[PDB]
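This text opens with one protein chain seen in two forms, each one given by itself as structure tokens under the names structure 1 and structure 2.
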Structure 1
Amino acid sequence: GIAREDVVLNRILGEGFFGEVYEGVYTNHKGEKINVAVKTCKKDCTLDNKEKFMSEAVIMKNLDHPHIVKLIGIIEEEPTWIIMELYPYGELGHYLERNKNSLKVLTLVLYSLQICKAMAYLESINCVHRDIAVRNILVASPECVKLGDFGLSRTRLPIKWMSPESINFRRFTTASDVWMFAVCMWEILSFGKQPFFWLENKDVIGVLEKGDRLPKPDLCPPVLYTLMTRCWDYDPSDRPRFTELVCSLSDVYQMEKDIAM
């Protein structure tokens, strides 16, 4: 752990569910200047909120993975402070509306690839993620995205993104995660398009019932779109597991650095 002396703050990043994240600068217990993002808690509901914050906190100490947000340290006290590496490019949703053109599917599928690997690790430490959405993903480098942290676990509800069970029974298992994740894959190969932008929440479930799926994305293959289609199998048990999506997505992409001359 590290102390308030060590963190200079320099601007408000944005307003989380827990309010302010601030850009600032850590400075090493040995000398060095790491640029940083510092999550704090609102002006915050008695317990319900501080709890959910400590809880995200504590899961974070344990995490470790090239494609989840890096946790540098915590300061327990009043404003408790979660310190995370800064990712100077921001939400992938936006790095994406503003690059419709620069990006080659071979890229759009490395992103989805890497998130998926992030999910496979989360599965194995039995964590789930409830916000695998493109606003909740950071770009570290054009060649590298990092999942959220926030949604990390185990109101405002990304219904548009939720498997039917997740909705009917508020069960988020790993299988409903797989559904969700495919909805994020859709997003990425749709350059940041809102899933179901046309419906509002109330009549989503209906849709998926008569059997209705999200449009194939233009830049997205046949195989790949079928691989997403299985992830939206109404029946949880036909959905591919994470390790399955890794081994197989890492196909559709080494088969992609191929179609590249």
Structure 2
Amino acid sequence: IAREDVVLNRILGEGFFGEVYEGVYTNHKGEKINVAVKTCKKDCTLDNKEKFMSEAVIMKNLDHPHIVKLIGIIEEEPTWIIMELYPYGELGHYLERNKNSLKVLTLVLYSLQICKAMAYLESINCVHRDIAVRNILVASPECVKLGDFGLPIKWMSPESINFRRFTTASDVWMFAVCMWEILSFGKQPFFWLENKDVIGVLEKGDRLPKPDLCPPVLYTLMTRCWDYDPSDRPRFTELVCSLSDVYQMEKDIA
């Protein structure tokens, strides 16, 4: 990818190594693709440059339908990592704007798609550590994609809060919090608490209540993901099966 093919529009945020810009990449076909362009401060250490670069090296290998996509890297200074964006933005904000028209089936679909992404990550023993609607892009009305754009106490498992332990089992907890967000049309988990109060509530056995539109069977699955004991939470691999069941049940009802 040639730098002249990428036009930057505005700053999206301050990344860990430098600003992230929104841009338009015009490919060889002349079609315009929305992109996020990550940059790296010039005066960084060699180790930090290597870390910056590693995202490109890693993400080149990801081609899952529900994981975000690397468009390319321009290695020449200033080094840019170019990621694919879509018209619709973050899922959180998409749910907020479309709450009056989204059907429960679609909310279960998004949940299932993110679960499939996580079953892939689980297969290579990779941990996300930050599963939430803010980390999900809407590629189309029928397709969401999991990313990592950026402690999230209100999403975290008790072992992550208490010991900073993060495993696939702690990801399953967070994923069920993410499901709760989706079925709540983007509401923030424990918005009625301060971060400091969260562990006390979880320790005493309290949990996020069932979202109004959430099917009871799906809520039961969420609660299993929120078992205090990490060993009692389902694997993502099996949760795909359970969520597929809920989807088919909801499709039939429809």
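Structure 1's sequence is the ruler for residue numbers, which start at 1. Rigid core (definition): largest C-alpha set, two forms, superposition within 1.5 Å.
- Task: Report the residue, chosen from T229, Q194, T27, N201, for which the CA moves 2 Å or more between structure 1 and structure 2 after the rigid core is overlaid.
- Result: Comparing the C-alpha positions, the one residue that moves 2 Å or more is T27.
- Item | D218 C-alpha moves between structure 1 and structure 2 by 2 Å or more, core aligned | No, its C-alpha moves less than 2 Å.
- Under a superposition restricted to the rigid core, does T80 display a Cα displacement of 2 angstroms or more between structure 1 and structure 2? Comparing the forms between structure 1 and structure 2, which are aligned on their rigid core, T80 does shift its C-alpha by 2 Å or more.
- Query: Taking the rigid core as reference, does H67 move its C-alpha 2 Å or further between structure 1 and structure 2?
  - Reply: No, the C-alpha position differs by under 2 Å between structure 1 and structure 2.
- Once the two forms are fitted on their rigid core, how many angstrom does the CA of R135 move between structure 1 and structure 2? Once the two forms are fitted on their core, the shift reads 1.3 Å.
- By how many angstrom is the Cα of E123 displaced between structure 1 and structure 2 when the rigid core is overlaid? With the rigid core fitted, the alpha carbon of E123 is displaced 0.7 Å between structure 1 and structure 2.
- Message: Once the core is aligned, what is the C-alpha displacement of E51 between structure 1 and structure 2? Give it in Å to one decimal.
- Response: Here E51 registers a C-alpha shift of 5.8 Å.
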